[PDB]
Amino acid sequence: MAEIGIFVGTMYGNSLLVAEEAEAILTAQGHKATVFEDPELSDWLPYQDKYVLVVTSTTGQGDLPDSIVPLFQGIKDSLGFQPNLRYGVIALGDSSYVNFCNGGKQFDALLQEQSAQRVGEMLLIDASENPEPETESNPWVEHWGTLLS
C-alpha cells in the first residue's frame, strides 16, 4: 500500500473533479491517495519519499494557473534535488492552442530538472473533442493506478 498526493492546478477554483476521481480510483485499487486544493509545497514535501499525482487544466498559450504556480516554482527552487521521488500526471485543455497540454508536461520536466522519476505516461485531454474530462482521466487513473504499490 503506497501513498499518493494529488495536487490540483486549474484557473477555475469551482467545479473541479478529476483530482477527487483520481484519489478515489487509486483508493479503490488499494493505494492511500489524497486530494490537495490550492496546493502548498509544504504539502508536497511529505511525498519526497512517496508517490504524487499532478492534475492540471488551463494550459492556455503554454502557462500555469496561479493555483499551481507556487507548487511548480516550489518544487524547482525549494526541492531542487530529490532522492527517491516518483509521480504521475494528467494535463488538460484545448488542442486549438499550439502547445495543447504543456501545463502537465512542464511538471514532468520539473522532476527531470532535479533528479526525480516518472510513473506511466501522462494523460492529455482535449476539450475541443471531449468536454467531459472525467471520461478520459478516470480510466487513465484506473490504468496508471496499476503502476503504483
# chains A, B, ... in the order shown; residues from 1 in each chain; ligands from 1
>>> residues_around(residues="residue 125 of chain A", least_positions_apart="2", cutoff="8 Å", atoms="only C-alpha atoms", output="list in words")
residues 90, 91, 92, 93, 94, 101, 123, 127, 130, 133, 136 and 137 of chain A
>>> select_by_dssp(residues="chain A", states="strand (DSSP E or B)", output="list in words")
residues 3, 4, 5, 6, 7, 8, 9, 32, 33, 34, 35, 36, 51, 52, 53, 54, 55, 56, 88, 89, 90, 91, 92, 93, 123, 124, 125 and 126 of chain A
>>> residues_around(residues="residue 51 of chain A", least_positions_apart="4", cutoff="6 Å", atoms="only C-alpha atoms", output="short mmCIF file (atom, residue, chain, number, x, y, z; two decimals) with C-alpha atoms, in the first residue's frame")
data_model
loop_
_atom_site.label_atom_id
_atom_site.label_comp_id
_atom_site.auth_asym_id
_atom_site.auth_seq_id
_atom_site.Cartn_x
_atom_site.Cartn_y
_atom_site.Cartn_z
CA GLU A 3 0.77 6.90 -0.64
CA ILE A 4 -0.33 9.29 -3.43
CA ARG A 86 8.24 9.23 -8.49
CA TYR A 87 4.90 10.70 -9.75
#
>>> closest_residue(among="A:120, A:46, A:65, A:74", to="residue 12 of chain A", atoms="only C-alpha atoms")
A:65
>>> residues_around(residues="residue 95 of chain A", least_positions_apart="3", cutoff="8 Å", atoms="only C-alpha atoms", output="VMD selection string")
chain A and resid 98 to 101 126 to 128
>>> write_last_selection(atoms="N, CA, C and O atoms", output="mmCIF file, in the first residue's frame")
data_model
loop_
_atom_site.group_PDB
_atom_site.id
_atom_site.type_symbol
_atom_site.label_atom_id
_atom_site.label_comp_id
_atom_site.auth_asym_id
_atom_site.auth_seq_id
_atom_site.Cartn_x
_atom_site.Cartn_y
_atom_site.Cartn_z
ATOM 1 N N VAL A 98 -1.417 25.868 -29.735
ATOM 2 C CA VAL A 98 -0.177 25.282 -30.284
ATOM 3 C C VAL A 98 0.426 24.153 -29.435
ATOM 4 O O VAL A 98 0.731 23.074 -29.938
ATOM 5 N N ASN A 99 0.583 24.424 -28.139
ATOM 6 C CA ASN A 99 1.216 23.583 -27.126
ATOM 7 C C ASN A 99 0.241 22.794 -26.227
ATOM 8 O O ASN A 99 0.615 22.350 -25.146
ATOM 9 N N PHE A 100 -0.996 22.608 -26.694
ATOM 10 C CA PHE A 100 -2.065 21.735 -26.178
ATOM 11 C C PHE A 100 -2.162 21.533 -24.650
ATOM 12 O O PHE A 100 -3.009 22.144 -23.998
ATOM 13 N N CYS A 101 -1.341 20.628 -24.100
ATOM 14 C CA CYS A 101 -1.376 20.160 -22.708
ATOM 15 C C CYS A 101 -0.042 20.379 -21.959
ATOM 16 O O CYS A 101 0.268 19.678 -20.996
ATOM 17 N N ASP A 126 -8.232 16.882 -24.535
ATOM 18 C CA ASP A 126 -8.685 17.942 -25.439
ATOM 19 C C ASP A 126 -10.175 18.241 -25.292
ATOM 20 O O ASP A 126 -11.045 17.474 -25.708
ATOM 21 N N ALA A 127 -10.462 19.415 -24.759
ATOM 22 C CA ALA A 127 -11.804 19.915 -24.542
ATOM 23 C C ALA A 127 -12.557 20.227 -25.845
ATOM 24 O O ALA A 127 -13.790 20.206 -25.864
ATOM 25 N N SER A 128 -11.832 20.462 -26.942
ATOM 26 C CA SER A 128 -12.406 20.643 -28.279
ATOM 27 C C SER A 128 -13.096 19.374 -28.808
ATOM 28 O O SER A 128 -13.979 19.450 -29.665
#
>>> atom_distance(atom1="atom CA of residue 22 of chain A", atom2="atom CA of residue 66 of chain A")
21.7 Å
>>> atom_distance(atom1="atom CA of residue 77 of chain A", atom2="atom CA of residue 20 of chain A")
27.7 Å
>>> select_by_dssp(residues="segment 31-96 of chain A", states="alpha helix (DSSP H)", output="ChimeraX atom specification")
/A:41-44,69-74
>>> closest_residue(among="A:113, A:108, A:63, A:134", to="residue 79 of chain A", atoms="only C-alpha atoms")
A:113
>>> residues_around(residues="residue 69 of chain A", least_positions_apart="3", cutoff="12 Å", atoms="only C-alpha atoms", output="list in words")
residues 7, 8, 9, 10, 11, 38, 39, 40, 41, 56, 59, 63, 64, 65, 66, 72, 73, 74, 75, 76, 77, 103, 104, 106 and 107 of chain A
>>> closest_residue(among="A:67, A:62, A:114, A:121", to="residue 89 of chain A", atoms="only C-alpha atoms")
A:121
>>> atom_distance(atom1="atom CA of residue 80 of chain A", atom2="atom CA of residue 19 of chain A")
25.4 Å
>>> residues_around(residues="residue 52 of chain A", least_positions_apart="2", cutoff="10 Å", atoms="only C-alpha atoms", output="ChimeraX atom specification")
/A:3-7,33-34,44,47-50,54,85-89,118-119
